[PDB]
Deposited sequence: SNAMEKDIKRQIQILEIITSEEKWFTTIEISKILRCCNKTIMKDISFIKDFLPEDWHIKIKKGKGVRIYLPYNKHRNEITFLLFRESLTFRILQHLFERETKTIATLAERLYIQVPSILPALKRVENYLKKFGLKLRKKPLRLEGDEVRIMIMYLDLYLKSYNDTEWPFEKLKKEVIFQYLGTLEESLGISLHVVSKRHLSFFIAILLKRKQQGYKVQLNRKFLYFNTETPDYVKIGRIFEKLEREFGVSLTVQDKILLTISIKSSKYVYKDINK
């Protein structure tokens, strides 16, 4: 089970909540029987997506420890999407800004309670080179980095069977991917399809909000005649029409690089 991010995150939480004491990565690795190299990374994701009054502490030469308050609710995969951190980041997805006071009211929480949550949001954003400005509240940074942050957030907060996007049919997106595998003669790994379907959903939703992909100085010499880019561009024309957006060359290169970065085999 431990290759599934959300499952591994929950098992780590179950371990460090089992006793009021410090846990070393060795100790955790022993129980997971894998994944020694990713435990601290998982811990740094998890700590941002906790209930309000749960606190993880990291201490050199001690390891990790979690401090809990109250009636203890069952730890489930739902914890991530239920956190204040997630729910705030979902509101920041869209262009329409709020004040903190508005945001608090829409989340059904008191303003005092949102101030710590904002600091957890800022901490997660920091890892993607992103920032939060407050007057008004808005995500700030390179558009592509924003998409990567949302990709990470959705992949780690949902089971690999779930489809979190509204107003967007999974079967449609998977049809595009099916057409791409046919056109290129490849078979995408099931994980790569998940990443790509999420990334496309995210791109579609940001484009619908008006945001613009801008690539680094490098790729403005990308070969837009390379054969695989030529078919990718053609399949995505169907998408523009169907979702009512316009894909720039920036978009098509991004999507092409995403596909080329994926895991797949050639078909015969």
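Student: Counting from 1 along the deposited sequence, which stretches lack C-alpha positions?
Tutor: The deposited sequence has unmodelled segments at 1-2, 72-73, 273-275.
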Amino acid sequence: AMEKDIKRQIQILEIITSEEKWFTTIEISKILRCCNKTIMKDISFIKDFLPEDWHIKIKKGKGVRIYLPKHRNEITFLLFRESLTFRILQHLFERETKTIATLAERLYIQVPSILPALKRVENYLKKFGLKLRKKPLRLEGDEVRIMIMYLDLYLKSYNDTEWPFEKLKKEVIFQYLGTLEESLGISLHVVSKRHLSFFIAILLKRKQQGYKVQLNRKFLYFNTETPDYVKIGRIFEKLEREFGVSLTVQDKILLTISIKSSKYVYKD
From here on, numbers count along this sequence of modelled residues.
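Student: Between 242-250 and 14-22, which has the larger average Cα B-factor in the PDB entry?
Tutor: That would be 242-250.
Student: On average, which has the higher Cα B-factor in the deposited entry, 5-13 or 252-260?
Tutor: Higher mean C-alpha B-factor in the PDB entry: 252-260.
Student: Check the PDB entry and point out which of 204, 66, 50, 230 has the largest C-alpha temperature factor.
Tutor: Answer for 204, 66, 50, 230: 230, with the highest C-alpha B-factor.
Student: For the listed residues 192, 175, 157, 123, which one has the largest C-alpha B-factor as given in the deposited model?
Tutor: Answer for 192, 175, 157, 123: 175, with the highest C-alpha B-factor.
Student: Please say which third, lowest, middle or highest, residue 42 falls into when its CA temperature factor is compared across its chain.
Tutor: Its C-alpha B-factor, which the entry lists for residue 42, ranks in the lowest third among residues of this chain.
Student: Relative to the other modelled residues in the chain, which third contains the C-alpha temperature factor of residue 131: lowest, middle or highest?
Tutor: Middle third by C-alpha B-factor.
Student: What third of its chain's C-alpha B-factors does residue 215 belong to: lowest, middle or highest?
Tutor: Highest third, going by the recorded CA B-factors of the chain.
Student: Quick check for you: using the entry's CA B-factors within this chain, is residue 152 in the lowest, middle or highest third?
Tutor: CA B-factor rank for residue 152: lowest third.
Student: What third of the chain, by the recorded C-alpha B-factor, contains residue 145?
Tutor: Its C-alpha B-factor, which the entry lists for residue 145, ranks in the middle third among residues of this chain.
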